[PDB]
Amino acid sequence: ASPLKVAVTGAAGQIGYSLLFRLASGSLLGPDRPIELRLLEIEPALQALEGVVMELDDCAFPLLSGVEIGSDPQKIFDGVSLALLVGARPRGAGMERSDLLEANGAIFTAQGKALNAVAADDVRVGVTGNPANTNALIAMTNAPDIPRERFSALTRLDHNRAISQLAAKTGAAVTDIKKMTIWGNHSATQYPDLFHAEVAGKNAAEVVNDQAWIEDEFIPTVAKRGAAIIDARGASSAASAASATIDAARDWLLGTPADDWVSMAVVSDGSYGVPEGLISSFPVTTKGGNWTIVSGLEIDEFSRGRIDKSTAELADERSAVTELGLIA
């Protein structure tokens, strides 16, 4: 196979440090599909990025066809088929992800315009940098010649967290869990939805049989997990964010299993009462590098309220970046 050209921003950062070795080892497309890494950093981090590339070379990875590094997004994104926009300022303890809306926003205006100018026709664009949904909205709107559906923000770390907590509660293997959904924003208002999930062919909410645990423990544990990692580790998630980035990109490009769906924050067409044009997390299936929102789910009153709270937040964020002039 021709090498897949993959761009990674913030590539000398902590997420990048985890992610690049998984990419080069075969985690994205498997053991027979080479990858070319195109790595972006800010100028003061280029010496460190040179060091990371030395380490990549020193792994003697058979799949790594080559590496280009630089600080010019038009050079690094030239011809790329997958762009992993990870680099942005991190949050720290006591911060909400939305605290970084104005700071990180302008990065995404510029990167969307660069992608628009130079990326491969088949590009798919994943955004991990915070606040992720709004940053993906910024990038998507600044790339009018790339189809809107090519942009996604990462809610897969939230999704995976929710799988982990459900498996723990139920005594199940992670492989038993299917049809998890995270709705809305990658924030504290995210809604992890058990009511459509399955634990080995059984409805998840019925298996747990405990609405109070769902409301008082499960939802806030998942929603606030990032802050819990900051408290435990002293720094934001890195390896697990990199792992979720690989999972989301892999499923996007190679497809979801027939019996399952995943969570991706993508542009709303109004489905499920989610305001049109927001980047919001939905249950989706994928095939051929394309996603489709899962149709037909009955949204119960409790779920409805939690979804709307989260989409309300997204609408507020969208208004703020529109007022800052970052959109279009």
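Position 1 is the first residue in the sequence shown; the rest follow in order.
> Looking at the deposited entry, does 294-302 or 261-269 carry the larger mean Cα B-factor?
Replying inline: Mean B over CA atoms: larger for 294-302.
>> If you average the CA temperature factors as listed in the entry, which stretch comes out higher, 244-252 or 195-203?
In response: For C-alpha atoms only, the mean B-factor is higher in 195-203.
>> Among the choices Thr181, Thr134, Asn160, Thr128, identify the one whose CA B-factor in the record is greatest.
In response: In the PDB entry, the greatest C-alpha B-factor among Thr181, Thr134, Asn160, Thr128 is found at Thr128.
>> If I read the C-alpha B-factors straight from the PDB entry, which of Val80, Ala93, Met140, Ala238 is highest?
In response: That would be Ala93.
> Lowest, middle or highest third: where is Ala153 by Cα B-factor in its chain?
Replying inline: Answer is lowest: the recorded C-alpha B-factor places it there.
>> Lowest, middle or highest third: which one holds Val174 when the chain's residues are ordered by CA B-factor from the entry?
In response: For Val174, whose C-alpha B-factor we compare with every modelled residue in the chain, the answer is the middle third.
> Against its chain's modelled residues, does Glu276's Cα B factor rank lowest, middle or highest third?
Replying inline: It belongs to the middle third of the chain when residues are ordered by C-alpha B-factor.
> Hey, what third does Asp58 fall into on Cα B-factor, ranked over its chain?
Replying inline: Within its chain, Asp58 is a lowest-third residue by C-alpha B-factor, going by the deposited values.
>> Among the modelled residues of this chain, does the Cα B factor of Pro283 put it in the lowest, middle or highest third?
In response: It falls in the bottom third of the chain.
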